[PDB]
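Let's start with one chain on its own, the form deposited in one PDB entry, as structure tokens.
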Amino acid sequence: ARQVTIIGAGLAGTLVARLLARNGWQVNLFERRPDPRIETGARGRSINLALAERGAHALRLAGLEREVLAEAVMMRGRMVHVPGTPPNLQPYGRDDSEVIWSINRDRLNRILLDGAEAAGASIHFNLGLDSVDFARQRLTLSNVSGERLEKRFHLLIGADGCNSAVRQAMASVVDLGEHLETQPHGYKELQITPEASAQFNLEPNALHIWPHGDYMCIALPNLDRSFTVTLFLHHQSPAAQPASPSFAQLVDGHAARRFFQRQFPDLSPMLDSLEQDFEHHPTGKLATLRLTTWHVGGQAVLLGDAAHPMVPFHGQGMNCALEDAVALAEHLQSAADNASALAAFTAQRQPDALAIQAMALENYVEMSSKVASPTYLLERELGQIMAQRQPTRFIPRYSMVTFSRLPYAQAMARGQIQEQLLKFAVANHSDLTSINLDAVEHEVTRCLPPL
């Protein structure tokens, strides 16, 4: 039986543990945090994640989809809150079977942890990876008190998140070619209670967006009708725009309150604990980290956030991580040897990871900026018309990323063709009546092969 050691009992690490263990691998999984299934008196605070078809299919392959969806809120569309107009529901995809699921991250982790153990994996909590000796095939783990433990390993899977200790160890023996692209936006997570969401008739079965240009809020529903709200806002005000909102100008909750009353007037009444949450929850940081290589020979490999930290603006980090896990398990299971498996996995997934990294960054202006420009609405109106005329050729990029399993690289490649096509077609035209619909449809057939 082939052996594997996995660092990080997160989403990708527990899914790949289950997939390999049920295939007969001997799987040991080490996690720095305690087991969240051991109930304590602490008040856990979990965010929700948007689970899309990519992630759902990965869970489906693992035999865990029904259990996860049993605990997920169905989001049938986007509820767009734009000042001046009532909230507008934009249904997802083209049919009523295309939805996104709001799943509590802790609920999901417990389902995955149970699933990995049922398949035969052994999970060891309260043990953080400190170092790896690749030449001697040994690694060093320690608890929170620093007591150290050495283990031999045969195959090392770094599924240990955006601050991967496995990545750090690999960069000591191989040039990973790291390029860190810092993001000027931070985020703050806020909360709407079930009482508040009911009192203001906030729709539970939808994903809510408050676009506002350089900043925005979004909210995802929980089973108990609470919502977790995320504010995206610049860390610092630029010198060019010294009065522009930023976290540095919100020194306390009272400043935050006045800011929300002015810029999010229909949302502020629902944020009962805005002041307390703002000061007691830390401001998160966002970054994109691109690596040229994800593996060291056949000894170690990265996946998930360990391999490709990305901005959350597309709701695809978890979905990509689960897709990564399926691909890595497939390659390891059928390859001639671990070295071939890790090279083939990297060669398959690295261009797709770059794609979703770039599309997630681009999708920020799509949510907050590109909703009030006249050209955008005519392009989307023309994009929907082309999606009906050529449904196997023109699929909007959001639907390809979210509701299909087409490789991220093809989704971005086809999306660029589609975006330029719509851009040229609507240029110097103000109405759909002044646009020739068969000329755009002919370009769809010339430049977009059917799927």
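Don't overthink the numbering: it's just position in the shown sequence, from 1. The term rigid core refers to the most C-alpha atoms you can superpose between the two forms while keeping them within 1.5 Å.
The protein also exists as the form deposited in another entry; that form is not presented, and the subsequent description refers to it.
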query	finding
Of the candidates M367, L223, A355, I111, the only Cα that travels 2 Å or more between this form and the one not shown, given a rigid-core fit	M367
Flag for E381, CA shift 2 Å or larger between this form and the one not shown after aligning core	yes
Rigid core superposed: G297 CA moves 2 Å or more between this form and the one not shown	no
Exceeds or equals 2 Å, Cα of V82 between this form and the one not shown, core fit	yes
Inter-Cα distance between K370 and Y408 in the other form, nearer or further [3 Å or more]	farther
Distance trend in the other form - C-alpha atoms of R110 and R43, change of 3 Å or more	closer
